[PDB]
Amino acid sequence: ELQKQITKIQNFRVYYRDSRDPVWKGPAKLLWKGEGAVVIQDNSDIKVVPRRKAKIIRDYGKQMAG
Amino acid sequence: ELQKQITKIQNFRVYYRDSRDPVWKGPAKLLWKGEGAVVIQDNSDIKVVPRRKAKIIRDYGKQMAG
Amino acid sequence: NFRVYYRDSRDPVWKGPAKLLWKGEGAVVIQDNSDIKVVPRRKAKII
Amino acid sequence: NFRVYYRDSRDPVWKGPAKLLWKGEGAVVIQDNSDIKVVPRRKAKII
Amino acid sequence: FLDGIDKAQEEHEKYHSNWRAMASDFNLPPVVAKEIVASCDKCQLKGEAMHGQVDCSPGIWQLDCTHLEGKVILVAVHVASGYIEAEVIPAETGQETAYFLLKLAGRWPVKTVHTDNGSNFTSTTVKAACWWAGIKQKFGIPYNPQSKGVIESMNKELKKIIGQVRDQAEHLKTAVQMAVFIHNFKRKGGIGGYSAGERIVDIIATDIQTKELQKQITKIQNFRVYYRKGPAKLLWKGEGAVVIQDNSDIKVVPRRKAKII
Amino acid sequence: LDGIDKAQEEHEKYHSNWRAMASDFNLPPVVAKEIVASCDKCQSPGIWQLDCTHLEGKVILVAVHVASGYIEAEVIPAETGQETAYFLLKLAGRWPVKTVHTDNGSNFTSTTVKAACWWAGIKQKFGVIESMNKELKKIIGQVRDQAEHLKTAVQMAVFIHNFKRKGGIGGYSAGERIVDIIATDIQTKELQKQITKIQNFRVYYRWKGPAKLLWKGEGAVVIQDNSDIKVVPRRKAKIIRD
Amino acid sequence: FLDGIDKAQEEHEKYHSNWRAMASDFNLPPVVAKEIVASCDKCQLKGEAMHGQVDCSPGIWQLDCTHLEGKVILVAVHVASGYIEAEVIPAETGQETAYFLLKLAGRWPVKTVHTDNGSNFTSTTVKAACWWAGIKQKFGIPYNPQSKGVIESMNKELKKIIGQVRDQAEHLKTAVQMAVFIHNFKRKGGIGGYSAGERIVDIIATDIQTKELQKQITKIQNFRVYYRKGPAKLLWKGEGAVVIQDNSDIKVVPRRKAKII
Amino acid sequence: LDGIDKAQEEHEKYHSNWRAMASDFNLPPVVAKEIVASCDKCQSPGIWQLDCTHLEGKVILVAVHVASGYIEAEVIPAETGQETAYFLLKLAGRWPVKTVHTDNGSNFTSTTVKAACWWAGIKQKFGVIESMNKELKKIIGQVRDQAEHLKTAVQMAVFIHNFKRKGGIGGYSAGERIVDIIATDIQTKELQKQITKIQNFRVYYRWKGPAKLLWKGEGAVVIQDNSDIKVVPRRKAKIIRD
DNA sequence: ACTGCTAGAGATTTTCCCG
DNA sequence: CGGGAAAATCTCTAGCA
DNA sequence: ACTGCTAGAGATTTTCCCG
DNA sequence: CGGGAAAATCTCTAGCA
Ligand SMILES: C[C@@H]1CCO[C@H]2Cn3cc(C(=O)NCc4ccc(F)cc4F)c(=O)c(O)c3C(=O)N12
Ligand SMILES: C[C@@H]1CCO[C@H]2Cn3cc(C(=O)NCc4ccc(F)cc4F)c(=O)c(O)c3C(=O)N12
Ligand SMILES: [Mg+2]
Ligand SMILES: [Mg+2]
Ligand SMILES: [Mg+2]
Ligand SMILES: [Mg+2]
Ligand SMILES: [Zn+2]
Ligand SMILES: [Zn+2]
């Protein structure tokens, strides 16, 4: 029921940036999504990210390669 | 006689750069000087440097602070 | 409070000091002689 | 040998291929239709 | 150095010496020298050495006009994917800009538009069109093309492809449409090795999908968490950490000192 | 991996598709696709439909993505091949257009339209478009008074149709539906790429004969021998190219 | 993929696809896709992403002209120290440039000059003046101000100080001379926390001193070294390393496998 | 450090200066300067001399750095205070000019020259210049034919004097000599800065009374107590500001 | 109260393929 | 486990005018 | 065969001063 | 040995037009 939803949210990849770094930080792992903040998992490090800074995709592609 | 000359050459500080790095590398230590190449000591690492890339000074103020 | 010094949009001359009204990531909002202005942090200095 | 492709001094259009005659740190010397030219490595590509 | 500051002040009133010169010469501490330079209006001449970051929410487009061979090309980019839409228009007028935007918003979901302050964009026509199709208009800082860096770089790229294909077409508008096709489907790279077309489809589908999934989770998962403080809604929990949202303030706390009810 | 036998049993009970196995028992999509392709008893996103419509003495070019009902329309100065070709070139640079279905007409059967189709890699073929033109005209009448010129009303009707009208299974817009359909299509093309990549290899395990490579992972290699998918450790297998 | 290359070629002949698009689509190896892009002349559109390094030998000056309030300011910088000399001249002519250079070379030791290709610099007058005072003229690549980055940045800095002091002077030439004084003696930083004036004095004195010391060492220290090869002059030795110069090729070798005679 | 007593003996035998000790027995310059300053029995780079010269009906402004004999000259349109002031402002922005010695004249005793001297921090004072003007004129005559206008011959003579004529102790040019003199002067000002920095401290060691801080290093602190320089370990001493 | 970015070209550092 | 080879990642630039 | 650089403004990381 | 404070070092930008 619910754990399926949690893990499916979990399959979504999050690219994001921080305040002063122009480089986009590698795919994290989507944990929660709100109207303005995204909560991710970047190398066993949970960060919260402003929505305006996070590009969220699935990577159709990585997914079909498993 | 001669060792005085060697150590005096040794007191001279060499700033220098390498082929693709725009940053000037901190004061090395002048070992030999020729018409086109300079031989220095940069952190127990002997390098040869094109003259056109090496600025050589004494640091009059380091010298008078000993 | 803070003084703000800032290049205006096109003019090359630096103006100021102005009051800081707001500071964001990337831009500031300043008041210089009853004239609210929004300057990039690249074109401004806060003391 | 190498082909060289290069922005000329002011013209925005890329020219080439030309022969490599010399390569330095920072610049190259090229021949394009009996016309020796000295181009910055920023404005040139060697294949 | 109480005596030197007066000498360092009169001197700076003439030469405007950087803090290092005054510290060396008048034997002042670095903080005092910096304080002398810091209070001279005639020395505040340089801004901060950083760059901002433009918004990349899945609903924001950057629009600009650009010129090529006497014609005006109107260009949009979807910021998150790099997906472009362009069109040779006959005039940088508000009528031709409002019609272009009405077409964009009827094709893709457009929430905010970000442009400079050129007249075609600051029109009442573009404003009533954005109003009709619920679009929010952001205007960057005047004469700050950096605020629209995405669309400006896309101008660069669009014109590069147009130069590559121009000989395959008679008229410029055909070259422009071919370049839009080429950028959208024939160039792969970026975050998921994608083309801009695939990437925008992913960004839009992901947005739909995750919003749905979360509506479902929050309809099912109903809990209140007390930590350290008062009650706080539970967002997600796992691996010895419990992200909560209290009083519209998201925070991550360790699993200890946090009880779920 | 461990549930491959369970997935095989599942397919022999309900004839479900590979996506179901991949979502349920956690299998790489190539392995699920192989399981669903092993049973003979168990055996669109790029087609657009084009047509012209006339309204108040002006011609509207209408293109409908049939799989979704998503519509792209504009007013054109004249029913010419130049205008049909410019429309088509705009459409293909914005949505992946593989096939266009048109009626027997002049604009659509023109060397310039043919040249645009050839440059963009679009195949041509000569009651959906009729009904959805009717609905387009209905919305154009519903909003005509909100715009002076006809092209603004046409684009306002396009907007309303693609995003303000809702129906079907779960009530989605045509924009929602086309995005999901194109996303499924990108998934499909990616899985086809992965298959076309791996099917050029053979595997030797424990040696036994040749065996088709399906999936290749960190500490396992899923293969196929005599119509029977089997997992072997990587160190005990050798992969070659043929 | 032998079959796909033909399809990837005909396609690139139309869309000019980057290597990633063709590799993804036509299932080609990355090397083969890159080879397809690499042979299309219509895709060679970008140069190398580096920068050269200008010469900094103690005898090279960079000269440029610059404009301020209708007047022409002729500027020189000593590249190694940042020491500037400037002057409001009445015309960017060869006569006023040759006279300026004759004065510079009579004040400081000037070996090479590096300028752009403006007419005042490519004159026969500037050439005969450089010839009279044994100066070598380098001309950078045409329309490459990067080759003269030092003097160009010094133009920036000179004009900034001129703006700071302009109100203290009536005429521009006075403002210019004050700005030269201020940059040369009232701004400290760089390699030895120096002002440009002190730094140039150090660079010139060091050059004299070390050339002398080495003439003396090489007059005294006379040895031939055999390593691994033939004889080789010994330059310096110490700490398990013996830098030698064989056939005009300096090399550092470890102390082992190297005998001094 | 260990040779401080040897340096003290050396100064009592030959009255040599601090630079000799610092170069010989390896001592920080403040400590050598202290040793040389402890014996009472053992007790220019910025002065320029200006004058005008007349040649072929034109006035040459000549400035000679007296310590070296290095010359800076140009032709000026007129013997005015504006031209003398512009000359002076150019000279001080290029060489460290502290004091100018001029004859009793108009150009040199002008409010504009005075204002230029005040802005640049130059003190004014009203047979070197005469002899070196003679030599300047000699070179100007030697090279006059190699240049049409007089100012080119004046700058060619400046060049020759500053760099092609050689004499004195070891045969140096005026440019060589002024560079060495200014370099010695920068050394001198730096050692004065270090003294003026350290003399605002007192040291307590082993406690004993106050003691002047001389040098402060990594594992030692050289001080002075009762006119006797002494070295103490850092851990056994405490430095304060007074 | 708002904000540089992009895509290619060489260089460097991970990742992999089989003895 | 170890080089060699390939791929991924990093570094940096022009143009957008 | 020739070549981006400089100086200031915030940020980060060493170095130091004494318990 | 250890924080706190200071200094040195690093990072990055505009203008040179
Ligand atoms: C009259 C409208 C409104 C008011 O201002 C003008 C002038 N302008 C100038 C540039 C420009 O200078 N691009 C070069 C650039 C430099 C740096 C960077 F980060 C990005 C860049 F594009 C534009 O692009 C642009 O669209 C306009 C324009 O539209 N207008
Ligand atoms: C007629 C002479 C000879 C032939 O070319 C022209 C035109 N020119 C143009 C610039 C210029 O564009 N500076 C901006 C800049 C940009 C980048 C950078 F790295 C350094 C920079 F200074 C000059 O500075 C300059 O002196 C000249 C000049 O003298 N001439
Ligand atoms: Mg614009
Ligand atoms: Mg623009
Ligand atoms: Mg120039
Ligand atoms: Mg210039
Ligand atoms: Zn100031
Ligand atoms: Zn191509």
Side-chain angles (χ1 to χ4, degrees), chain A residues 20 22-23 26, chain B residues 20 22-23 26, chain C residues 7 12 21-29 36 38-43 45, chain D residues 7 12 21-29 36 38-43 45, chain E residues 18-19 29-31 37 43 45-55 64 66-67 82 138 140-141 144-160 187 189-190, chain F residues 238-239, chain G residues 18-19 29-31 37 43 45-55 64 66-67 82 138 140-141 144-160 187 189-190, chain H residues 238-239:
Chain A
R20 277 274 265 267
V23 153
Chain B
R20 277 274 265 267
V23 153
Chain C
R7 207 161 47 120
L21 288 192
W22 175 85
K23 174 176 216 208
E25 157 218 2
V28 292
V29 172
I36 311 267
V38 179
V39 189
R41 300 233 268 129
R42 257 182 316 113
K43 303 183 183 172
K45 186 183 182 186
Chain D
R7 207 161 47 120
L21 288 192
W22 175 85
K23 174 176 216 208
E25 157 218 2
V28 292
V29 172
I36 310 268
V38 179
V39 189
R41 300 233 268 129
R42 257 182 316 113
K43 303 183 183 172
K45 186 183 182 186
Chain E
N18 50 18
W19 76 263
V31 73
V37 169
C43 284
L45 305 167
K46 183 167 187 177
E48 212 184 293
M50 48 67 73
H51 265 106
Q53 291 179 353
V54 311
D55 195 323
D64 201 29
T66 183
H67 298 92
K138 245 66 178 57
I141 283 150
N144 195 44
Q146 286 83 5
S147 311
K148 270 68 88 201
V150 180
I151 189 55
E152 299 292 340
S153 191
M154 281 332 189
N155 279 336
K156 204 265 226 174
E157 205 253 26
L158 182 67
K159 261 196 260 224
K160 202 202 285 141
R187 299 287 170 90
Chain F
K238 186 172 185 179
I239 309 172
Chain G
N18 50 18
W19 76 263
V31 73
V37 169
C43 284
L45 305 167
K46 183 167 187 177
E48 212 184 293
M50 48 67 73
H51 265 106
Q53 291 179 353
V54 311
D55 195 323
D64 201 29
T66 183
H67 298 92
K138 245 66 178 57
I141 283 150
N144 195 43
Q146 286 83 5
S147 311
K148 270 68 88 201
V150 180
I151 189 55
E152 299 292 340
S153 191
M154 281 331 189
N155 279 336
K156 204 265 226 174
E157 205 253 26
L158 182 67
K159 261 196 260 224
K160 202 202 285 141
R187 299 287 170 90
Chain H
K238 186 172 185 179
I239 309 172

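Per chain, numbering begins at 1; letters A, B, ... match sequence-line order. Atom set for the values below is all heavy atoms of this structure, side chains included, hydrogens, waters and symmetry mates excluded.
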request  = Round to the nearest Å and state the distance from E:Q53 atom CD to L:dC12 atom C1'.
outcome  = 14 Å
What are the atom names and distances for every N/O pair under 3.5 Å that joins the protein to nucleotides 5-7 of chain L?
none

key: Below 4.0 Å: OP1/OP2 of I:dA7 and any side-chain N or O of E:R187   = no
Atom-pair distance (CE on E:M50; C1' on K:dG8), nearest Å = 16 Å
Minimum-distance pair of heavy atoms, taken over all atoms of C:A27 and C:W22 = O-CZ3, 3.5 Å
task = Using only side-chain N and O atoms of E:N18, determine if any of them is under 4.0 Å from OP1 or OP2 of K:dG8.
result = yes
ask   = Looking only at side-chain N and O atoms, does C:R42 come under 4.0 Å of OP1 or OP2 in I:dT3?
value = no
inquiry  = So E:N144, base contact, sugar-phosphate only, or nothing? Heavy-atom distance under 4.0 Å.
reply    = sugar-phosphate
request  = Check every strand shown and say whether C:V29 touches a base, only sugar-phosphate, or nothing at a heavy-atom separation below 4.0 Å.
outcome  = base
query = Given J:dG15, is OP1 or OP2 found less than 4.0 Å from the side-chain N or O atoms of E:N155?
reply = no
task = With heavy atoms under 4.0 Å as the rule, sort E:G82 into base, sugar-phosphate or nothing.
result = nothing
ask   = Hey, does E:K148 reach any base, or is it just sugar-phosphate, or nothing, if we go heavy atoms under 4.0 Å?
value = nothing
ask   = Taking atom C1' in both L:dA14 and J:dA7, what distance in whole Å separates the two?
value = 38 Å
ask   = Which part of the nucleic acid does G:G190 contact within heavy-atom distance under 4.0 Å: base, sugar-phosphate only, or nothing?
value = nothing
query = By side chain to side chain donor-acceptor pair (under 3.5 Å), which residues pair with E:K160, not counting sequence neighbours?
reply = none
query = Expressed as a whole number of Å, how far does the P atom of J:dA6 sit from that of L:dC16?
reply = 49 Å
request  = Under 4.0 Å between any heavy atoms, over every strand shown, what does C:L21 touch: base, sugar-phosphate, or nothing? Just pick one.
outcome  = base
ask   = Residues two or more places apart in sequence or in another chain: which of them pass side chain to side chain donor-acceptor pair (under 3.5 Å) with G:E48?
value = B:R20, D:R41
request  = Assign E:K138 to base, sugar-phosphate, or nothing according to its heavy-atom contacts below 4.0 angstrom with the strands shown.
outcome  = sugar-phosphate
task = If a protein heavy atom is under 4.0 Å from the base, mark B; if only from the sugar-phosphate, S; if neither, -; do that for nucleotides 9-19 of chain I going 5' to 3'.
result = SSS-----S-S
inquiry  = With nearest nucleotide decided by heavy atoms, which residue, E:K156 or B:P22, maps closer to the 5′ end of DNA chain J?
reply    = B:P22
query = Can a side chain N or O of E:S147 be found less than 4.0 Å away from OP1 or OP2 on I:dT3?
reply = yes
key: Bracket string, DNA chain L, 5' to 3' - pairs by Watson-Crick or G-U geometry under 3.5 Å, | interstrand   = ||||||||||||||||.
request  = Not counting sequence neighbours, which residues clear side chain to side chain donor-acceptor pair (under 3.5 Å) with G:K46? List them please.
outcome  = none
ask   = Of all residues at least two apart in sequence or in a different chain, which pass the side chain to side chain donor-acceptor pair (under 3.5 Å) check with E:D55?
value = none
request  = Output yes when at least one side-chain N/O atom of G:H51 is less than 4.0 Å from OP1 or OP2 of J:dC12, else no.
outcome  = no
Counting only pairs under 3.5 Å, give me each side-chain donor-acceptor contact of residues 145-153 of chain E, with atom names and distances, residues two or more places apart or in other chains.
{"unit_1": "E:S147", "atom_1": "OG", "unit_2": "E:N144", "atom_2": "O", "d": "3.3"}
{"unit_1": "E:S147", "atom_1": "OG", "unit_2": "E:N144", "atom_2": "ND2", "d": "2.7"}

task = Determine the interatomic distance between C1' on I:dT15 and the same-named atom on L:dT9; round to the nearest Å.
result = 34 Å
task = Check whether any side-chain N or O of G:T66 sits under 4.0 Å from OP1 or OP2 of L:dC16, and answer yes or no.
result = no
inquiry  = Less than 4.0 angstrom between a side-chain N/O of C:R7 and OP1 or OP2 of L:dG15, yes or no?
reply    = yes
